[PDB]
Amino acid sequence: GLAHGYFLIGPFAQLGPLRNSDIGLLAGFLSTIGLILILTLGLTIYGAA
Amino acid sequence: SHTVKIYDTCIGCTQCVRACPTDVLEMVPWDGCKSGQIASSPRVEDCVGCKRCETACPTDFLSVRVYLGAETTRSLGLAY
Amino acid sequence: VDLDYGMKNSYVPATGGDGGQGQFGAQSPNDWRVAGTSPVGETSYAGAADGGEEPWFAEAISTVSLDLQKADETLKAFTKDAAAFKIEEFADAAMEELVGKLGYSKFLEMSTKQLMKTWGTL
Amino acid sequence: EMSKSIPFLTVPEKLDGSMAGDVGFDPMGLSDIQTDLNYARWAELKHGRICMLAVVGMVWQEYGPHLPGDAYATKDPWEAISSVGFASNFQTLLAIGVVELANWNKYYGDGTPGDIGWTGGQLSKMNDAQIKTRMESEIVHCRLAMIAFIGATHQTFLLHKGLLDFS
Amino acid sequence: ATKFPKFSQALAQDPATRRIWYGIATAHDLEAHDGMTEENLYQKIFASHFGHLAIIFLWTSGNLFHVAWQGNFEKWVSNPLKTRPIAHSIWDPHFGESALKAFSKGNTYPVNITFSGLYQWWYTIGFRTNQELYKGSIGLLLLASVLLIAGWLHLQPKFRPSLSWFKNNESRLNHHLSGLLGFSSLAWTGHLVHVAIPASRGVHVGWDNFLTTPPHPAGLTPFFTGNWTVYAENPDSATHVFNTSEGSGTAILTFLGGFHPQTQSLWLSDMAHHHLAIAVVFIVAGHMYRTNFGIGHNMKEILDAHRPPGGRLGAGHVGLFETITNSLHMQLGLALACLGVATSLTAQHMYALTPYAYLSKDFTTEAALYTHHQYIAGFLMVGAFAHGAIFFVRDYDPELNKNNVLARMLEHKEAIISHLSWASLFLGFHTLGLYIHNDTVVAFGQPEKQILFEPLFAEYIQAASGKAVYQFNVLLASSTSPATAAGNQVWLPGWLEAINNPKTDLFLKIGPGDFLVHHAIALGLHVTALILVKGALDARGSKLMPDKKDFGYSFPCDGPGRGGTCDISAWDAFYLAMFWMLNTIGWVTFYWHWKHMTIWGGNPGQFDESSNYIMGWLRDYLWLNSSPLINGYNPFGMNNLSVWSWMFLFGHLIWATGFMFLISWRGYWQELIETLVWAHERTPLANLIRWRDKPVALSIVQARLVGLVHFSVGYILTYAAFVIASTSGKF
Amino acid sequence: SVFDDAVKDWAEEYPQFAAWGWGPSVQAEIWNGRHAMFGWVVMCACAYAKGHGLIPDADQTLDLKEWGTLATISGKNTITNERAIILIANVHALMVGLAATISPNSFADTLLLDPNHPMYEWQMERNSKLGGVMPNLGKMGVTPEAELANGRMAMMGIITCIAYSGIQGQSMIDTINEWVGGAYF
Amino acid sequence: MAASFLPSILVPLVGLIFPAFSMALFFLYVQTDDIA
Ligand code: CLA
Ligand code: CLA
Ligand code: CLA
Ligand code: CLA
Ligand code: CLA
Ligand code: CLA
Ligand SMILES: CC(=O)O[C@H]1CC(C)(C)C(=C=C/C(C)=C/C=C/C(C)=C/C=C/C=C(C)/C=C/C=C(\C)C(=O)C[C@@]23O[C@]2(C)C[C@@H](O)CC3(C)C)[C@](C)(O)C1
Ligand SMILES: CC1=C(C#C/C(C)=C/C=C/C(C)=C/C=C/C=C(C)/C=C/C=C(C)/C=C/[C@@]23O[C@]2(C)C[C@@H](O)CC3(C)C)C(C)(C)C[C@H](O)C1
Ligand SMILES: CC1=C(/C=C/C(C)=C/C=C/C(C)=C/C=C/C=C(C)/C=C/C=C(C)/C=C/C2=C(C)CCCC2(C)C)C(C)(C)CCC1
Ligand SMILES: CC1=C(/C=C/C(C)=C/C=C/C(C)=C/C=C/C=C(C)/C=C/C=C(C)/C=C/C2=C(C)CCCC2(C)C)C(C)(C)CCC1
Ligand code: SF4
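Caption draft 1: Broad picture of the overall build of chain D. Summing up its helical and strand segments, chain D has six helices and zero strands in all. Put simply, chain D runs from its N terminus to its C terminus through helices and strands in the order α-α-α-α-α-α. In terms of overall size, chain D is more extended than a compact globule, its C-alpha atoms giving a radius of gyration of 19 Å where 167 residues would be expected to give roughly 15 Å. Viewed in the frame of its principal axes, chain D has a C-alpha envelope of about 60 × 40 × 35 Å. The burial tally for chain D puts 21% of its 167 residues in the buried class.

Caption draft 2: Representation of the overall build of chain C within the structure. Scanning chain C for helices and strands turns up five helices and zero strands. Moving toward the C terminus, one meets the helices and strands of chain C in the order α-α-α-α-α. Radius of gyration (C-alpha) of chain C: 22 Å, far over the 14 Å computed for a compact globule of 122 residues. Referenced to the eigenvectors of the C-alpha coordinate spread, the extents of chain C come out at roughly 65 × 45 × 20 Å. Going through the 122 residues of chain C one by one, you find that 20% of them count as buried. As displayed, chain C offers around 8300 Å² of accessible surface, 57% of which is attributable to carbon and sulfur atoms.

Caption draft 3: Just the nonpolar core, in detail. All names here are of chain E. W122, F392, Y553, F574, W617 and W644 are the most contacted members of the largest nonpolar core, which totals 105 residues. For this core, the leading source of residues is helix α22 (residues 570-600), giving 16 residues. Contacts of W122, omitting those with residues within four sequence positions, involve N63, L64, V67, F73, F127 and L133.

Caption draft 4: Layout of the coordination of the magnesium atom of ligand 3. Coordination of the magnesium atom of ligand 3 by the protein involves just one donor, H191 of chain E (ND1), at a distance of 2.2 Å. Among the structural elements, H191 of chain E can be located in helix α9 (residues 169-200).

Caption draft 5: Representation of the site of ligand 7 in the model. All names here are of chain D. For ligand 7, the set of nearby residues contains 13 residues, the closest of which are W118, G120, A148, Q155 and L163. Take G120: an N or O atom from its main chain is 3.2 Å from an oxygen atom of ligand 7. Between ligand 7 and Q155, the relevant distance is 2.9 Å, taken from an oxygen atom to a side-chain nitrogen or oxygen of the residue. Taken by itself ligand 7 offers 1100 Å² of open surface, and the protein chains cover 51% of this. At the level of secondary structure, the elements contributing two or more residues to the shell around ligand 7 comprise α2 (38-63) and α6 (128-156). Element by element, the count of residues in the shell around ligand 7 is highest for α6, at five residues. Its residues assigned to classes, the shell around ligand 7 shows eight nonpolar, five polar and no charged.

Caption draft 6: Spatial organisation of unusual backbone geometry. With omega at 0°, the peptide bond leading from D60 of chain B into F61 of chain B counts as cis. Although it is not a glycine, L122 of chain C adopts a positive phi angle of roughly 60°. Its place among the elements puts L122 of chain C in the segment after α5 (112-118). Located in the positive-phi region is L685 of chain E, a residue other than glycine, with phi close to 70°. With respect to the helices, strands and loops of the structure, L685 of chain E is situated in the loop between α27 (666-681) and α28 (700-730). Relative accessible area serves as the criterion here: at 72%, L685 of chain E is assigned to the exposed category.

Caption draft 7: Geometry of empty space enclosed by the protein. Residue and element names in this part refer to chain E. Of the pockets and cavities examined, the largest cavity occupies roughly 120 Å³. The wall of the largest cavity is formed by 18 residues, among which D236, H260, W267, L268 and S269 lie closest to the centre. At the level of elements, α9 and α11 (268-285) are the ones that each hand at least two residues to the lining of the largest cavity. Looking at side-chain class alone, the lining of the largest cavity contains eight nonpolar, eight polar and two charged residues.

Caption draft 8: Just the state of the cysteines, in detail. Residues and elements named next belong to chain D. Going through the model one piece at a time under the given rule, you end up with zero disulfides over all chains. In this structure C51 is not part of a disulfide, and its nearest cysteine sulfur, from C142, lies 8.8 Å away. Here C51 falls in the buried class, since its relative accessible area comes to 11%.

Caption draft 9: Up close: the site of ligand 10. Residue and element names in this part refer to chain F. All residues in the neighbourhood of ligand 10 are listed as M37, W40, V41, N150, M153, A154, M156, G157, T160 and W179. When the free accessible area of ligand 10 is taken as 950 Å², the share hidden by the protein chains comes to 39%. Secondary-structure elements contributing two or more residues to the shell around ligand 10 are α3 (26-51) and α7 (144-168). The leading source of residues in the shell around ligand 10 is α7, at six residues. Here the shell around ligand 10 is built from residues that sort into seven nonpolar, three polar and no charged.

Caption draft 10: Up close: the pattern of salt bridges. Applying the stated criterion across every chain yields a total of 37 salt bridges over all chains. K51 of chain B is the partner of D558 of chain E in a salt bridge, and the nearest nitrogen-oxygen pair spans 2.7 Å. Highlighted residues: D558 of chain E in the loop between α21 (512-537) and α22 and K51 of chain B in the loop between β3 (37-40) and α2 (52-56), drawn from two different chains. Judged by its relative accessible area of 5%, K51 of chain B is buried. Between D538 of chain E and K413 of chain E there is a salt bridge, and its shortest N-O distance comes to 2.9 Å. Of this pair, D538 of chain E sits in the loop between α21 and α22 while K413 of chain E sits in helix α17 (residues 413-443), and the two are 125 residues apart along the sequence.

Caption draft 11: A look at the packing of aromatic side chains. Per the counting criterion, the structure on display carries 70 aromatic pairs over all chains. Taken together, a centroid distance of 6.5 Å and an interplanar angle of 75° make the contact between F73 of chain E and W122 of chain E edge-to-face. Here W122 of chain E lies in helix α6 (residues 118-124) and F73 of chain E lies in helix α4 (residues 73-78), a separation of 49 residues in the sequence. For the ring pair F453 of chain E and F515 of chain E, a centre distance of 5.5 Å and an interplane angle of 40° mean the geometry is tilted. Within this pair, whereas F453 of chain E is found in the loop between α17 and α18 (456-464), its partner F515 of chain E is found in helix α21, the two being separated by 62 residues in sequence. Members of the aromatic cluster, connected to one another through ring pairs, are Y375, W571, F574, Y575, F579, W655, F659, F711 and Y715 of chain E. Looking at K46 of chain D, its charged tip hangs above the ring of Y107 of chain D, at a distance of 3.6 Å from the centre. If you follow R690 of chain E out to its NZ or CZ, it ends over the ring of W691 of chain E, 5.8 Å from the centre.

Caption draft 12: The arrangement of the interface of chain B and chain E in detail. Facing the 16 residues of chain B at the interface are 25 residues of chain E. When chain B packs against chain E, close to 1500 Å² is buried across both sides, 61% of that on carbon and sulfur atoms. The largest contributions to the chain B side of the interface with chain E come from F61, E71 and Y80 of chain B, which together make up 40% of the buried area. Where chain B packs against chain E, one counts three salt bridges. A salt bridge links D547 of chain E to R65 of chain B; the nearest nitrogen and oxygen atoms lie 2.8 Å apart.

Caption draft 13: Broad picture of the interface of chain A and chain F. If you look at the interface, chain A gives eight residues, while chain F gives seven residues. Where chain A abuts chain F, roughly 550 Å² becomes buried across the two surfaces, and 82% of that area is made up of carbon and sulfur atoms. Contact with chain F buries area across many residues of chain A, yet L18, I23 and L37 of chain A alone supply 56% of it, more than any other trio. Our enumeration of links across chain A and chain F arrives at one residue pair in polar contact.

Caption draft 14: Examining the side chain of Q70 of chain E more closely. Residues and elements named next belong to chain E. Its location among the elements puts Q70 in helix α3 (residues 38-70). Polar side-chain contacts of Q70 include one of 3.2 Å to the backbone nitrogen of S89. Excluding residues that lie within four positions of it along the chain, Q70 makes contacts with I86, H88, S89 and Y109.

Caption draft 15: Region of interest: the UniProt feature "binding site: chlorophyll a 2" (unreviewed entry) in chain D. Residues and elements named next belong to chain D. The sites that carry the UniProt feature "binding site: chlorophyll a 2" (unreviewed entry) are, in the present numbering, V23, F25, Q34, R41, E44 and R143. Structurally, the position occupied by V23 is in the segment before α1 (30-33). The exposure class assigned to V23 is partly exposed, which follows from its relative accessible area of 37%. If we ignore the near neighbours within four places in the chain, the residues touching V23 are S3, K4 and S5. With respect to the element layout, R143 can be found in helix α6.

Caption draft 16: Examining a negative patch on the surface more closely. All names here are of chain F. Among the surface-exposed residues, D4, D5, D9, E12 and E13 lie close enough to one another that they form a single negatively charged patch. Within the secondary structure layout, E13 lies in helix α1 (residues 2-13). For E13, a relative accessible area of 54% gives the class exposed.

Caption draft 17: Structural view of a nonpolar patch on the surface. Together, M1, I9, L10, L13, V14, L16, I17 and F21 of chain G line one region of the surface with nonpolar side chains, adding up to about 810 Å² of accessible area. Along the chain, the position of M1 of chain G falls in the segment before α1 (6-31).

Analysis parameters
- Residues numbered from 1 in each chain as written, not as in the entry; some residues may be left out.
- Chains lettered and ligands numbered in written order.
- Part of a larger assembly, values for the part shown.
- Heavy atoms only, no water.
- Helix = DSSP H or I, 4+ residues; strand = E, 2+ residues; numbered from the N terminus.
- Rg over C-alpha atoms; globule rule 2.2 N^0.38 Å.
- Buried < 20%, exposed > 50% of the residue type's maximum accessible area, 1.4 Å probe, protein only.
- Areas by Shrake-Rupley, 256 points an atom, 1.4 Å probe, with all protein chains shown as cover.
- Core = buried A, V, L, I, M, F, W, Y, C linked by side-chain atoms within 4.5 Å.
- Contact = heavy atoms within 4.5 Å.
- Donors = N, O, S within 2.8 Å, 3.2 Å for Na, K, Ca; no water.
- Near = heavy atom within 4 Å.
- Polar contact = N/O pair within 3.5 Å; in protein donor to acceptor, adjacent residues only side chain to side chain.
- Nonpolar A, V, L, I, M, F, W, Y, C, P; charged D, E, K, R; others polar.
- 1 Å grid on protein atoms, 1.4 Å probe; cavity = no way out; pocket = protein on both sides within 12 Å on 5 of 7 lines; lining within 4 Å.
- Points joined across faces, edges and corners; volume = space filled by probe spheres on them.
- Disulfide = S-S within 2.5 Å.
- Salt bridge = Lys/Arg side-chain N within 4 Å of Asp/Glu carboxyl O.
- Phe/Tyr/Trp six-rings, centres within 6.5 Å; stacked < 30°, edge-to-face > 60°.
- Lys NZ or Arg CZ within 6 Å of the ring centre and 35° of its normal.
- Buried area = accessible area lost by both parts, 1.4 Å probe.
- UniProt positions renumbered as here; feature names shortened; annotations may be inferred.
- Patch = residues over 30% accessible without salt bridge, like charges linked within 9 Å, V, L, I, M, F, W, Y side chains within 5 Å.
- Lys, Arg positive; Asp, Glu negative; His and termini not counted.
- Charge placed at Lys NZ, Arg CZ, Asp CG, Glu CD.

So this is what it looks like as structure tokens:
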């Protein structure tokens, strides 16, 4: 998780819809957290199966 | 597993047995035809359903019939 | 060695459109759905090979082999009924004469009259 | 044999006379399709009890002391629904729903139809003859009240007279 | 039955991804499920029907709620011709600021404009306010809950109906004719007289006041005295302003004919009288069959009695009663066939005999409604034939039907199929030849050499109904005809005013282009029928596969032997006929749309001249009318049609993607997936994860179905985008 | 009672969910009561901060060019600063809750009854002990019984606050203020 | 609280949360080895 979350924020921060706003970094972090939640759901249901 | 049936129009030509790629069929003694043998399918668990046996059968209509059914690893021809 | 080991699987044949388990069984008795690779020092499943310092290729290590003795013995075990039939039609000691004189595979391959001919020699 | 209420018809087989209030009245044969009459009797008792309370309420809210309050003052039962407000009708609906859903397994059950437990200790010192008499009386009151409610309603929206205004 | 799907042991034991796909695709084929009995089959179908009706009522309640909550129905009512009716609000975080502004034109917030005709229909039936619509929505929501409860209840052990109840033909037919149709029609007449007609005359009649507001000043005295003409006296005048009292009459039942002069739609009194006569006819019809009261017909006796004495029909209709009763597939086929006819009739009659106020002025809505109903009719007809074929495979018993009409169809299937093929070939050869001849002569700059047959028979039919343009003095176009003298007594004046009014769609003027396009439509109908009929009639077997019935309705093929047997099953005939149904309905809707676009554009002559060759269709219909659609967004900006531009491209993409499944077949994909499996098993850090369902290529039949679904969805979405965008961006 | 029959029938109708503690379970009652208590804290804080105007530019709306279309309510009309701020505070709490749900420690009271977690047996024992109409006045202080009782009280208070605010035709903040004797506004 | 807020509240629940949980539930159901 430490390895992946660090680089995942970059695409969102630098290329997301709000990249040119002054809250672009915060939006990138929020997008990264959302992606991590999606991946964690994947891991959870994978383990269950 | 697929179903393979032999009907009594079989003339014991052994062509379906030679055509089978997975050795499902074999010739067995029988007094119903001149050749003195009939086809048999004792190993339908290995039948892939290619229908080469039906392509090989000379009777009209076919004497060997393959009905496709429940798929397994063996019937799907999977190497994995 | 049990002969119905293949048949003793969990495959329950359906009531229609299903040839069932034939001469050896419709499927393996072993559940193929096992875990993926595992860290150094751990096994993914019960009989898995320890990939040593390369567990990521652990599945490329073979734990299933066929040694020639097992091959001969299972050849004899699986064809015991066919040999019993051939001696029943040709006619204990006589079978031991035939299968050592010419061979076991040859004894299966020959015919009852032909074996009646080779039994002429002693 | 023949029906008691309609003497020229054959009784349907389900009306064996066991249930209270049975006089072999089912000319349309509605009981023939049902598996048993338990749900039908639950429904008959529930409808009749509600109609009894509804008729009593129609009379009281027309010639009786209302609870103090501006909203609760109108003597017109149809207008009462709007006058008291959603906030009271909804509480009534929710409490009734709680009682209904708590007794769900009795309504779709195999016990005696109508008996949700609220007995008042009335049927403790009775045999089966007296319990049967009580059940017959309750079912007859239910059946009278349903007709009465139909009458009362059709006299308050088709003529707009009162219930006790016989002019 | 231990894994999904629990209804199929054979599928549940498959170790491949196939197990999932097939489970989903076989969930509603309840007859094939393991351990199914007939009684359980009927009970499960009954419950599923309750669920489906709940879904329908939820959909209707939602339309009502979204219009009430977010629509402009009151503004539309106050000003029908200058308002665009709203379907629902947009909330889409992906929108840019430009998109929000573009989609909020004429409003304060982004909206989709409805093209379903709901506003016109609700306006015609007496809806005037958002509160009334909301009350309707609430009622339908509660009704959906009631239907769900009923579905649950009729699955409980004490409430499951028996098989005898499901097989009671006479009673079900009596109730569905007299009650479901006849009494529903009577109640609808009651609504029209009490609610809709007063609303059209500027009078509010609602739940608040309907018990004390008689729909006619004379009350019910004329009805009970037999002096019924009183209900026809004093209709709305020719100057009647709809929704207001000016020029209004008091007639509640009329036979005026034609259209209301201002709405250009049917008189509400005429529709009320229509539903009253319909109610009488259906209530009477619902008393034909014997239920419990000694009187009435038995259907089996009726069927068994109808055998021609000469014998040209053999055993006649004996055996058909049991065949129909015991076969859900034949019943479903009959239902789908009649529904398809009725849906096509809906499409054909709604455009010509406009039933709803101001609907003929909402051009995009007209086009959308016609296209929608015609495509649904096509789907229903295809379904009818598919279920006929399924009946032949699964339910037909040769001994029960011995020598009856159903068996004799099978007996002369070769003649039937060969003659249908001849008709198809004749129509195709000559229609395509005439189109090509016209194309060629016009290309060489000699349009006077075109072959232009006048649709004389259809023009004669129009004249017979009263159209005067074609100079045929026949029947209703003839002053001295008996038909004219008779009809002038009731409905003929209004009908003649409408039919000879070129501003209406009542019997549009036709010419040679109509002739050629109609023969193209006949080609489509005949070829679609040929495919479906050959599939049904060869479903049980053919010379190439004499035992086809042993293999079921759907199966991939019988292998490469005997010359090759791809697409031999009856399901494959359904699959092939879906393409022809789509092509045919496309020709139909293209014809409708182009003729109406040229009429609405004020230049019918463009259709009349350019429809006689294919290049005219390509250039003056598709190319010319693509313009607003393809400019919904461009390098300079976007407008509210951009969603349709995107959907247009979306449909093209889906259609083309369907081509991949239709053209490339299974072996290639299975071999590719083998290398994919190899790659995943050999990749470190990814081989920590493994599938529990072995990846396999899609099956032969599954790929045909997936290709067909992609093709059909792309076809539908592309055309819907085109028709909506072209009509709405032009007018 | 009706309670035991109700829970048993619900479990029989939804066994897969009833396995994890979903539905009308003691586990769900405990967790929802904990949330209701914390939410009473948050609602009181919101009422107090609205009464004293401690939220900056509460009635001002968020900039569309700053936060984009996600901040819109209808068209280009954006959410207010106060609503966004309240949402963010609750989002802090929700992120805590997601961390607790997804990565519980070994001695933690997990959200769901996981047989593989080291607290499963303790959880089942505790949940079997709790139950009844009146709170156990024998057990007080920091105990599961007191926690359950106070969670029940908080959920009841939420229901009554919603209902009272509805009847009086006023906002929930107004009810909260008028229930503390107008201590906020 | 107002109904005008409902889209921005409900749309993410219908279009993101609900499909994700429904797909996870269906995945778990199809991977279950003993369903009955
Ligand atoms: C497939 C091609 C493609 C690409 C490159 C993009 C790119 C983009 N899209 Mg678009 N988009 C696409 C197709 C694509 N889109 C499609 C098909 C649709 C649907 C019609 C959309 C609809 C859409 C919308 C609605 C939006 C975007 C947006 C964006 C931007 C932000 C996306 C983001 O942050 O993802 C995050 C990316 C990641 C989390 C990971 C990226 C992949 C990594 C970098 C690969 C690394 C591999 C590595 C090198 C391997 C070895 C490493 C080592 C260990 C050896 C970005 C420029 C957003 C925008 O605002 O645009 C300006 C936006 O709002 N897109
Ligand atoms: C009179 C009492 C009555 C009524 C109102 C109904 C009503 C219904 N029953 Mg029936 N049913 C009855 C008695 C009744 N039933 C009896 C006595 C039995 C036992 C014998 C049954 C046994 C039964 C079964 C087994 C089923 C039903 C079903 C239904 C539903 C059919 C689907 C639907 O909703 O379409 C309603 C449609 C309309 C109101 C409009 C119909 C218009 C169509 C398109 C015909 C239009 C033709 C047009 C008028 C003229 C011809 C066109 C021409 C000019 C070209 C409907 C609610 C089905 C269901 O879904 O239940 C859940 C079902 O499966 N019923
Ligand atoms: C074919 C018959 C028919 C149809 C389709 C309609 C349709 C309509 N009528 Mg009309 N009407 C009819 C016959 C019909 N009517 C007849 C015979 C009369 C008497 C002459 C009327 C008199 C009339 C009046 C006075 C009014 C209407 C109105 C309407 C419209 C709104 C109705 C509504 O609120 O829907 C919602 C559905 C319902 C109200 C009925 C279903 C109610 C459900 C089943 C309640 C559930 C009950 C259950 C106990 C709930 C609890 C249990 C559950 C939660 C589990 C709608 C277009 C209204 C309108 O707005 O016109 C423009 C209106 O004011 N109609
Ligand atoms: C009253 C209407 C009705 C009813 C009750 C039935 C009932 C049945 N049909 Mg029939 N059928 C109908 C109409 C009907 N059909 C119509 C209109 C057609 C013409 C298309 C057919 C053609 C047909 C064929 C060819 C077959 C059936 C079969 C069946 C049986 C199995 C159904 C099944 O399991 O598939 C369930 C299907 C699904 C669960 C998925 C459906 C796939 C949908 C369409 C995909 C949705 C499109 C996509 C999501 C949109 C993309 C959106 C885009 C914007 C991205 C069942 C008895 C089968 C059978 O064998 O019967 C014995 C069969 O082979 N039907
Ligand atoms: C536009 C493309 C197209 C065309 C022209 C056809 C044409 C035909 N289809 Mg086909 N079909 C198509 C697409 C097409 N289909 C698609 C996409 C599918 C889905 C797979 C099908 C599936 C299908 C089925 C299931 C059936 C047909 C049938 C037919 C025939 C129908 C009867 C007819 O009109 O005869 C008239 C003939 C024509 C219109 C074609 C001839 C074209 C010109 C006029 C001939 C010129 C010859 C030229 C001078 C010689 C060559 C010059 C040089 C190379 C030497 C007709 C040949 C049916 C059939 O066989 O009926 C008898 C049939 O059952 N089609
Ligand atoms: C079945 C018809 C139907 C359809 C297709 C829609 C579609 C929509 N609704 Mg609406 N809704 C409906 C009925 C419907 N609604 C009804 C009857 C009500 C009154 C309770 C509402 C109350 C409502 C509100 C308050 C809002 C929407 C909104 C929306 C939009 C976004 C989805 C959403 O978040 O809603 C959430 C929906 C609900 C919370 C209740 C849904 C109730 C319906 C009956 C569910 C239907 C189930 C369906 C029939 C299952 C079959 C489909 C499946 C087989 C594919 C979308 C256009 C949002 C919007 O307008 O954004 C701009 C929005 O804020 N709807
Ligand atoms: C929890 C628990 O255990 O506690 C126990 C305690 C206890 C007490 C033991 C219990 C009990 C028993 C109960 C509740 C008994 C209530 C009984 C009741 C209230 C029974 C009559 C109804 C009305 C009738 C018959 C009207 C006929 C009406 C007729 C014939 C009319 O003509 C009506 C009329 O309108 C028209 C039609 C025409 C109009 O012109 C005018 C009039 C007005 C004339 C319970 C349930 O067990 C609970
Ligand atoms: C008796 C029984 C019957 C029953 C019943 C009846 C009426 C049952 C009653 C059920 C009803 C009464 C149950 C309400 C609970 C209150 C909820 C959980 C409160 C959540 C409050 C918490 C989750 C939320 C808190 C927040 O929101 C706040 C506060 C502020 C925010 O900043 C922060 C947070 C997000 C934390 C049956 C079943 C019908 C049939 C059976 O046979 C017999
Ligand atoms: C295969 C199959 C099937 C199916 C079928 C189908 C699908 C069909 C269709 C069919 C159709 C779809 C038909 C149609 C028909 C129609 C018609 C028959 C019509 C007629 C009309 C008329 C008669 C009219 C007349 C008139 C009038 C009235 C007025 C004036 C004008 C005129 C003259 C026109 C089934 C299921 C059965 C079963 C078996 C198999
Ligand atoms: C987290 C936290 C905390 C905790 C808290 C808590 C613990 C809470 C609790 C809370 C609670 C615990 C709440 C409650 C509430 C309640 C209420 C609000 C109630 C109300 C109710 C009512 C209103 C009632 C009514 C009634 C009834 C129902 C019946 C009888 C009658 C009467 C009328 C009485 C603290 C602060 C420490 C610290 C910080 C953080
Ligand atoms: S089944 Fe056909 S091919 Fe095989 S032996 Fe008999 S006749 Fe020959």
